[PDB]
Every structure is written in structure tokens, then in C-alpha cells.
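Okay, structure first, notes after.
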Ligand SMILES: *[C@@H]1O[C@H](CO[C@@H]2O[C@@H](C)[C@@H](O)[C@@H](O)[C@@H]2O)[C@@H](O[C@@H]2O[C@H](CO)[C@@H](O)[C@H](O)[C@H]2NC(C)=O)[C@H](O)[C@H]1NC(C)=O
Ligand SMILES: *[C@@H]1O[C@H](CO[C@@H]2O[C@@H](C)[C@@H](O)[C@@H](O)[C@@H]2O)[C@@H](O[C@@H]2O[C@H](CO)[C@@H](O)[C@H](O)[C@H]2NC(C)=O)[C@H](O)[C@H]1NC(C)=O
Ligand SMILES: *[C@@H]1O[C@H](CO)[C@@H](O)[C@H](O)[C@H]1NC(C)=O
Ligand SMILES: *[C@@H]1O[C@H](CO)[C@@H](O)[C@H](O)[C@H]1NC(C)=O
Ligand SMILES: *[C@@H]1O[C@H](CO)[C@@H](O)[C@H](O)[C@H]1NC(C)=O
Ligand SMILES: [Cl-]
Ligand SMILES: [Cl-]
């Protein structure tokens, strides 16, 4: 199975899936390897080749630090790279239904990982179930992360910032220019991603250069207005400079700083990324998106508020316990191996861990808002998790959706509350950040693994996501399902996703978000 693309021929492989077949092209290059003088620069166009490029295995993952907090534990290791790390990592994957489709809608996945980690080859991102079951084409790309992907010297093409976002953009262009040859419709492309991947999707909604590269968008647990999503020009300068010093690259000429950094080995750069910030948190994004004046022309909050974004439909959602996952990466008294009952003192120490540069008054205000107990030994444990989840994910996703829908477009919001029967993390962590992904990709449809109720749930989510991509409406129209209403600034209706009963509810976390969205930004 050979497909002719603009830059050359590529050969795929046949996969058997649910008594059917899917053709996969894993590892197609979409840009010039960003090595040597190209390190830290925007991705460059790829020169044609002849011969047949074999896209039969996942390519290298981009350089990045790995989570070594729990060696041998599947809960954490399932997110680590499963392919060799390398600066030569600008590749993408394509899964297409078989027989070849005639004008299939295209879903483009952008992985998360705090803009410091991640890769498109993870098992939970395998696009073969969606291609098989919904007959859509699935594309996913690797983009640069960490300093190699986001180091910034605003204005300087040697390291302008947002390089990883331009990698994503160049892959979207590849789809525009080449997907028809695979039987895809470039006029029906939906971006979807989770966490930093969702934040990325939201930035493409803001970037004029990405406007014509896609049709609709799905944001799972993330948006650019989240507090960890955009690095300020101030922080970025201090960070690029701290990295320079830590690697012996400080120099009067900034362009000389970059030349020096280009001689360091990826490992010396990775090793020092951690220390570029005086005091970080388990949610630190040392090197992330910045207002570079190219991909992003102004502070995103201003663009959102003033309606400067691509006008189209959006599907946005969050999980019930977004914050718990981070508590075991630094909050005192927490452990994935016991019930983590903490005390008021520990809760207070926890706030210090998650809100390092916050005034004492700021922290007390968080404590006052979350400790008006409705006794229960797990009050403080549960409160710190909600504090972290509301501030970092839920409230920002809700504000993004409200502000976006005020300009006229249909928006749909979900609250995912099902805890995987297979979750390796303890029960107290609940419906964790990242654990809706396997349902969206259809892993529970594979019986060889999950309960019957999960197969059904995953089946409905898959259908709703596909209907959103193809038709701009996330409904499951055949099995007497709850209709998903549009989210409007007034009523604020949202759909809950679970195995029990799906319900229409209103004003998710109203009281908590008024605190984070209106008040807290002032302290
Ligand atoms: C901007 O960076 C300075 C410098 O950071 C230090 O040096 C870097 C190379 C790196 O190794 C960091 O870990 C160091 O902290 C920050 O200033 C530091 O502030 C802390 C406060 O706790 C102090 O203990 C250090 O001595 C200071 N570093 C020095 C030697 O001046 C500064 O905090 C950063 N600016 C911001 C955003 O606050
Ligand atoms: C839950 O465990 C934490 C973490 O302790 C580590 O992991 C445990 C499972 C066990 O193997 C310990 O020996 C490990 O050190 C406990 O938190 C520690 O508590 C002690 C005393 O309160 C304190 O001195 C340490 O600083 C704490 N460590 C951390 C990371 O906070 C916690 O007490 C346990 N809670 C329970 C059993 O409910
Ligand atoms: C690509 O795959 C074909 C068929 O498997 C093989 O003949 C060819 O040598 C491969 N090209 C390489 C390894 O460069
Ligand atoms: C695919 O459908 C689009 C409309 O969405 C149409 O413009 C295009 O011509 C179709 N592509 C094919 C099958 O040629
Ligand atoms: C609808 O119901 C049928 C049979 O009752 C079931 O097999 C199928 O998975 C359901 N389809 C969706 C999209 O949930
Ligand atoms: Cl490992
Ligand atoms: Cl239902």
C-alpha cells in the first residue's frame, strides 16, 4: 500500500482491528530534522525524496526529561516516551480506514505533557480504533518540547519562542497539502488534544496562521488561559538567561548565547531546564508558549476577551478530579500508597508547594474558600485536590468556553466522571487528569482487555466525538441518548459522562470558579 505525497512516496502497513482492517503510516517526516544550526529555529520545509519512505514504525520522540518518580509503576510509566529520544523527531502518523475512504473527515491529535514532555506513539493515543470504528482518518504529530521547543528570545529568529507550536502548525499544513491523497477531506479537519495539547489547540484558534489549517476544535482538560499555559516575556527572559548561565553560555550578545547553546549536547540542556526557575511546582512549565509576535500577536487573554479568534464550534471538557495526580509529586503527607489523610498544617504546607510566589494573604484566602466544611478525616485531602484542579484546569476551561461562546458559536461542555476499572493509581485519586483519553480513543472497545459498561461508554464518546468532527454536533442520535445541549453564557448547561446515567447539569463549580476567576487574579 503506497501513497504518493507531495514530497515522495510512503508505504504503510495493514493492521487487523475488530475483524476489519486499518492502514497505518507511522513515522512520515513532515519537516527538516531541526539539528545543528537549526536547533531552536522554526521548522524548515522538507526537500523531496524518491524511493519509498517506509512509514511502518513510530519514529523517535523529541528530547525530554522523563518521569522517574515511580520506577516500575504503570500509572506513571504509561506516559513516558516509548520510542528513542532524539532531536530528529519531527514526524507524524496517519491511520486510515480500509477500504480507503473517499473524503473522510480528519481528526488531528496534539498530545499534552506540560509542553516539556510527551509523544504521539503512546498506546493511549493509538488512532486505529477510531479509524476502524468511525471511518475517520486520524493524524498525530511529534512536536518539540522543553527548551528545545520553547526557548525564547523575542524577535530573534535563532530562538524566537513557540517553535513547538510552529512544528504542530507545519504538520497541520502537511495535512492540508497531502491528506486528500490518503482519502481525507482537508476541508473537514478537527484538532483534538489534552492538557498542554488542549492548550495548544486553543492557541491555534487564536493564531492567524492556523486559521485556514483546520475546521473545528476539541479541548480536553486544558486551554491557553490556564495559569500554567503561557510563559510571560519576563519569565522567559530570566529563564533563557538562567539556562545560559547554568550551561556556561552567558554572553553579551544574545545571538552568541544561542550559538553557544547549539554546541551543548541535548542532555546538558535537558539536565538544566529544571533549575531555570527559583522555585517550581509539580505543575511547572519551565519553557512554554510566549507572546512571540509571530504565532501569537498579543496576550491571549486580550484576544479572547475581544473576540479575536477563529469562529467555529468547540467541544470542551474536564474530569472530576483533575488535581489529584499532582499531589503525589510534592505535597507533604501524600502518597499513592496510602489514603493520604492530611492535616490542616499539611494542607497549608501543600498550598506553599502549589502557590510559591503567592502572598500570605493569597494563600489564606484559598484556605478560607475551601475549608468551610459541610469531622471527616479526608476533608483536607479532598480540598487540596479540588484547589489544584479548579485553579489549574476546571475554572480556566469554563471561562474559556463562556468567553468563546459569547461571540456567537455553538460550544459543548462535558464533565467526565468515570474512574477506569483498570486505574493503577489509588481510589482516593478518583477520576484523574488524563484518564478520559483511553475512552476517547476507544481502547475499551477491545474486549481482550474493561467492563461492559465501559465498552458502552467509550462507544458513545467515540460516536459523539466523531459526530462533532464530521457535523459540528456531539450527539449520539440512534440509541435514545441524552441530547447534548449547547453551552451558553447564561444557562451554562453541560453534559456529564459516566457509565451510570448521563445528565444535563448547569453552572459547574459556580462558587469555586467565582473565587478563582474574579477574586484570586487580584492577589
Ligand atoms: C530570575 O532568576 C534569578 C536567578 O536564579 C538563580 O540562578 C539560576 C541560574 C538558577 O540556578 C536558579 O535556580 C537560581 O535561583 C532568581 O534569583 C534567585 O532568587 C532566589 C530566591 O529564592 C535566590 O535564592 C537566588 O539566590 C537568586 N539567584 C541569584 C543568584 O540571584 C529570580 O528569582 C528570577 N526572577 C524571578 C522570576 O523571580
Ligand atoms: C502516607 O505515606 C506518606 C509518605 O511516606 C512514605 O511512603 C509511605 C507509604 C511509607 O513507605 C513511608 O515510610 C515513606 O516515607 C507519609 O508521609 C510521611 O509521614 C511522616 C510522618 O508523618 C513524615 O515524617 C514524612 O515527612 C512524610 N512524607 C511525606 C512525603 O509527606 C504519610 O504519613 C502516610 N499517611 C498515612 C499512612 O495515612
Ligand atoms: C522499505 O521496505 C521495503 C519492503 O519491506 C524494503 O524492500 C526496503 O528495503 C525498505 N527500505 C529501506 C529499509 O530503506
Ligand atoms: C469533500 O467534500 C468537500 C466538502 O466538505 C468538497 O468540497 C470536496 O470536493 C470533497 N472532496 C472530494 C471527494 O473530491
Ligand atoms: C447503539 O446500540 C447498539 C445496539 O443496542 C450497540 O451495539 C451500539 O454500540 C450503540 N451505538 C452507539 C454509537 O453507542
Ligand atoms: Cl523508565
Ligand atoms: Cl444516555
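Taking one equal scatterer on every alpha-carbon of the range 72-127, how large is log10 of I(q)/I(0) by Debye at q = 0.16, 0.17, 0.25, 0.31 1/Å?
-0.63, -0.70, -1.15, -1.48
Students often check this: by mean Cβ neighbours within 10 Å, which of 169-179, 132-142, 93-103, 489-499 ranks highest, and how do the rest follow? Write down the numbers at each step before the final one.
On the way: 169-179: 20.8, 132-142: 24.5, 93-103: 19.1, 489-499: 17.4.
Top to bottom by mean Cβ count within 10 Å: 132-142, 169-179, 93-103, 489-499.
Taking neighbour counts of Cβ atoms within 10 Å as a proxy for exposure, in what order, fewest first, do 143, 414 appear?
414, 143
For every helix of n ≥ 4 consecutive DSSP H residues, a contribution of -39,500 (n - 2.57) applies; sum these over the chain, divide by its total residues, and give [θ] at 222 nm rounded to the nearest 500 deg cm²/dmol. Before the final figure, lay out each step's value.
Working: 17 runs with 156 residues, N = 523.
Rounded to the nearest 500, it is -8500 deg cm²/dmol.
For an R0 of 25 angstrom, estimate the FRET efficiency from the Cβ-Cβ distance between residue 13 and residue 103 and round to the nearest 0.05.
Working: r = 23 Å, r/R0 = 0.94.
Efficiency for this residue pair is about 0.60.
Extension gain residue 265-residue 67, at 0.36 nm per residue separation less the Cα-Cα distance, in nm?
Numbers: separation 198, 0.36 × 198 = 71.28 nm, distance 2.03 nm.
Result for the pair: 69.3 nm of gain on full extension.
Give me the number: length gained by fully extending residue 251 to residue 349, i.e. 0.36 nm times residue separation minus the C-alpha to C-alpha distance, one decimal in nm.
Working: separation 98, 0.36 × 98 = 35.28 nm, distance 3.90 nm.
In short, 31.4 nm is gained.
Hey, could you get me the Stokes-Einstein D for the range 224-372, Kirkwood radius over alpha-carbon pairs, 4 °C and 1.567 mPa s, rounded to whole µm² s⁻¹? Display every interim value, and only then the final one.
Numbers: Rh = 18.7 Å.
Using the Kirkwood radius from Cα pairs, D works out to 69 µm²/s.
Looking at the chain only, what percent of DSSP beta bridges run antiparallel? Nearest 5 please.
Antiparallel bridges make up about 40 percent of those DSSP assigns within the chain.
Evaluated at 37 °C with a viscosity of 0.692 mPa s, what Stokes-Einstein diffusion coefficient in µm²/s does the chain have when Rh comes from the Kirkwood expression over alpha-carbon pairs? Mind showing how you got there, number by number?
On the way: Rh = 23.5 Å.
Taking Rh from Cα pairs, D becomes 140 µm²/s.
What percent do you get for the relative contact order of the range 46-173 when only Cα pairs under 8 Å and 6+ apart count? Can you show the working numbers first?
Details: 200 pairs, mean separation 32.2, N = 128.
25 percent.
What list do you get for 287, 275, 354 if you sort them by fewest beta carbons within 10 Å? Walk me through the intermediate numbers first.
Numbers: 287 30, 275 13, 354 22.
So the ranking, lowest neighbour count to highest, is 275, 354, 287.
Give the order of 449, 337 when sorted by the count of other beta carbons within 10 angstrom, beginning with the fewest.
Ascending Cβ contact count within 10 Å gives the list 337, 449.
So what does log10 I(q)/I(0) come out to for the range 1-112 at q = 0.14, 0.17, 0.18, 0.21 Å⁻¹, using the Debye formula with one equal point on every Cα and no solvent?
-0.75, -1.01, -1.09, -1.25
Of the peptides 188-199, 228-239, how do they stack up when ordered by the mean number of other Cβ atoms within 10 Å, highest first? Before the final figure, lay out each step's value.
Details: 188-199: 26.7, 228-239: 18.2.
In descending order of packing, they fall as 188-199, 228-239.
Any idea what the relative contact order of the range 213-332 is, in percent, if you count C-alpha pairs under 8 Å spaced at least 6 apart?
Numbers: 92 pairs, mean separation 49.9, N = 120.
Over the range 213-332, the number comes to 42 percent.
Each reported figure results from applying straightforward, stated rules to the coordinates on display, with no laboratory input. No Cβ is skipped: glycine too gets one built from the backbone with ideal geometry, and neighbour counts run over all protein chains shown.
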